[PDB]
Protein chains: 2
Amino acid sequence: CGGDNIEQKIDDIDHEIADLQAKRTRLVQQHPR
Amino acid sequence: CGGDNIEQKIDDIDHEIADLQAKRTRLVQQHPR
């Protein structure tokens, strides 16, 4: 009773998991040292 | 300037970047195939 209904919910997260990781890097570029 | 004022802001994100990644994996465990 769950083909990919879950795979869809995660795909959403995957978009959020990356958004954050991108915010950390950019901030690092501001202070690499 | 700032020293680590940025490093602190990111550390916060790092906690959020992981929170999401954890939600995706756990969900995967629910549907590995």
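Thresholds, definitions, all that
- Residues numbered from 1 in each chain as written, not as in the entry; some residues may be left out.
- Chains lettered and ligands numbered in written order.
- Heavy atoms only, no water.
- Helix = DSSP H or I, 4+ residues; strand = E, 2+ residues; numbered from the N terminus.
- Buried < 20%, exposed > 50% of the residue type's maximum accessible area, 1.4 Å probe, protein only.
- Areas by Shrake-Rupley, 256 points an atom, 1.4 Å probe, with all protein chains shown as cover.
- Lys, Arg positive; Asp, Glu negative; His and termini not counted.
- Charge placed at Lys NZ, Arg CZ, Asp CG, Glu CD.
- Contact = heavy atoms within 4.5 Å.

Method of determination for the deposited model, per the PDB record: solution NMR.

Visitor: When you look at the overall build of chain A in this model, what are you seeing that I'm missing?
Guide: Of regular secondary structure, chain A possesses one helix and zero strands. C-alpha extents for chain A along the principal axes are approximately 50 × 10 × 5 Å. When the 33 residues of chain A are sorted by exposure, 21% land in the buried category. Carbon and sulfur atoms make up 42% of the accessible area of chain A, which totals about 2,800 Å². Each charge class in chain A was averaged separately, 5 positive and 7 negative side chains, and the resulting centres sit 18 Å apart.

Visitor: When you look at the side chain of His 31 of chain A in this model, what are you seeing that I'm missing?
Guide: Position of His 31 of chain A relative to the elements: it lies in the segment after helix 1 (5-30). Look at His 31 of chain A and you get buried, because its relative accessible area is 8%. Look past the residues within four positions of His 31 of chain A in its chain and what remains in contact with it is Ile 6, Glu 7 and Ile 10 of chain B.

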